[PDB]
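Just the one chain here, the form deposited without the ligand, laid out as structure tokens.
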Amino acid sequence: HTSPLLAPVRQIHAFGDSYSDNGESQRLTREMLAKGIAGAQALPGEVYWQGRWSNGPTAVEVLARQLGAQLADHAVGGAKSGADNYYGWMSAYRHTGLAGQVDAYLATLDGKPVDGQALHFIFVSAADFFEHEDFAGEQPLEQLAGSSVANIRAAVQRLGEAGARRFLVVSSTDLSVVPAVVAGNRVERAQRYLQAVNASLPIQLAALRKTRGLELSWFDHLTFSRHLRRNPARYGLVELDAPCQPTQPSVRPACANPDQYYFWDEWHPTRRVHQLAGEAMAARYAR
């Protein structure tokens, strides 16, 4: 039996990665390019919509629209759960990890209070796994999962310490069906990591929610994606595996019917899946 809906939201502060970013990695990499930062690249690049790592608005943008909230979206493509980014060359200019987004948020209050009504939305960890796999991380995946969880709990604790009261924390996505993971023959590694994060994180956050009296909602993205991928026709989806916009090994022309595609590129869902996700994320909240 469902429980009462949480109180309405008028302001969201979003922290996370390429699954939330609504223009920060674009703004930041253009600033880094203008300053000649070593190794800087224009992200996300030309085959993406208005600086989103997709062909449309991300889930949290749709969530804000659904809830009737203003959105401050601090998320940065590649952001890890700690201080830094998949893109290691960013660290010289800015710490764009979850921890760094939290630091920058709290630094820019100007000594005004945190908005205790504002929803602090956290959606991060995929970049931890991608960096570990692409650059041959030494740690066991179980340890990496442990670090991701501890990093996210530390971020919720630091935001709450500053006066945040309301949180929505997103689980690991299903990294196991990400085209790049399938192509890298890394499906079992993705399963192990995501199951370890998604088992531990809600237990760790439950404890923090109770100690601090937080309002903290957990969005199970894995259950969400399983339901889409089991019954795609229901949602008008046709292609669950092939990217609409291939980039690897090189850019090829976009598919004709992107709203019938799950994946935009080899890592990121299309605007259609982002819409369904943001609509599903809104389910715990009164409008």
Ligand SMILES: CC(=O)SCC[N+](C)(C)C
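Residue numbers here begin at 1 and follow the sequence given.
Just so it is clear, the following notes concern the form solved in complex with the ligand, a form of the same protein that is not shown.
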property: Partner-facing stretch of 103-111, 184-192, 200-208, 85-93, counted where any non-hydrogen atom is within 4.5 angstroms of the ligand in the deposited bound form; result: 85-93
property: Non-hydrogen atom contact residue 78 with the ligand in the deposited bound form at 4.5 angstroms; result: yes
property: Residue 18: touches the ligand in the deposited bound form, heavy atom cutoff 4.5 angstroms; result: yes
property: In the deposited bound form, residue 130 touching the ligand (heavy atom, 4.5 Å); result: yes
property: Any non-hydrogen atom of residue 263 within 4.5 angstroms of the ligand in the deposited bound form; result: no
property: Answer option from 164, 155, 126, 170, heavy atom within 4.5 Å of the ligand in the deposited bound form; result: 126
